[PDB]
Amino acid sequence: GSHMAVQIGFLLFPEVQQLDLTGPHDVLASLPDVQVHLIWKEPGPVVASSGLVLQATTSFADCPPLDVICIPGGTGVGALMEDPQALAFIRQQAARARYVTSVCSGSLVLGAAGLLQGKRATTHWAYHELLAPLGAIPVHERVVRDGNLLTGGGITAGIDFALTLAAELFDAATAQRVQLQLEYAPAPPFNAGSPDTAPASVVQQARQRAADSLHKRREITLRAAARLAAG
């Protein structure tokens, strides 16, 4: 309107881990004058990994130049990593976006798009070995920042970095106001959010359950890397 509207965009794709996206969405959608997009090849229903149905609000072609782009993760990321249209849109938008961001395995899509080369980055802990092949410097921190790239490992990392983005786009007082108004005050009743804090028996379970997925994602990653190499 008669203020500058910040254009904020989430990639919304089948089998997305919905909370990756919906967390930062509610935070950023609180900010003054912003316009938030859920972006897919076409507008309309997209099913998340839980069966939860979201609605994409815009196609790739109709998406305005974004100020913030965010790629969430989820099972659906493996397909996205070899999706030439999606990767081309992500590259297009990343060229000029003020902020390029991802949650969870969303960073592996950034990697497949060629956007992690020589960058410090993280991803979901079970898939961390897939960073180096995509040219990233792999870093084990909840949110890793490299210039205007922010990558968050865990499911709610986007809620946290959304507050950082709020403070920079606007001011610290604005970010603090949003945190208070939403009353965002996390206090988990367990301490098993990191493979370095969870019980060993639990870490081994989770490694065992992710094994087939990691195997499949590694094969995809190596194909994505070879495409980038051929350059």
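When you see a residue number, it is the position in the sequence shown, counting from 1.
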For the C-alpha atoms alone, is the average B factor greater in 199-207 or in 40-48, going by the entry?
-> 199-207
Taking only the CA atoms, which stretch has the higher mean B-factor in the record, 115-123 or 88-96?
-> 88-96
Among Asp67, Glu183, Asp26, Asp33, the highest C-alpha B-factor in the PDB entry belongs to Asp67
Chain-relative C-alpha B factor for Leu21 (record values, thirds): the lowest
Ranked by Cα temperature factor within the chain, is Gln179 in the lowest third, the middle third or the highest third?
-> middle
Classify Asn191 as lowest, middle or highest third according to the C-alpha B-factor given in the PDB entry, relative to its own chain.
-> highest
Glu129: which third of its chain by C-alpha temperature factor?
-> highest
For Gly74, return the chain-relative third of its C-alpha B-factor as stated in the PDB record: lowest, middle or highest.
-> middle
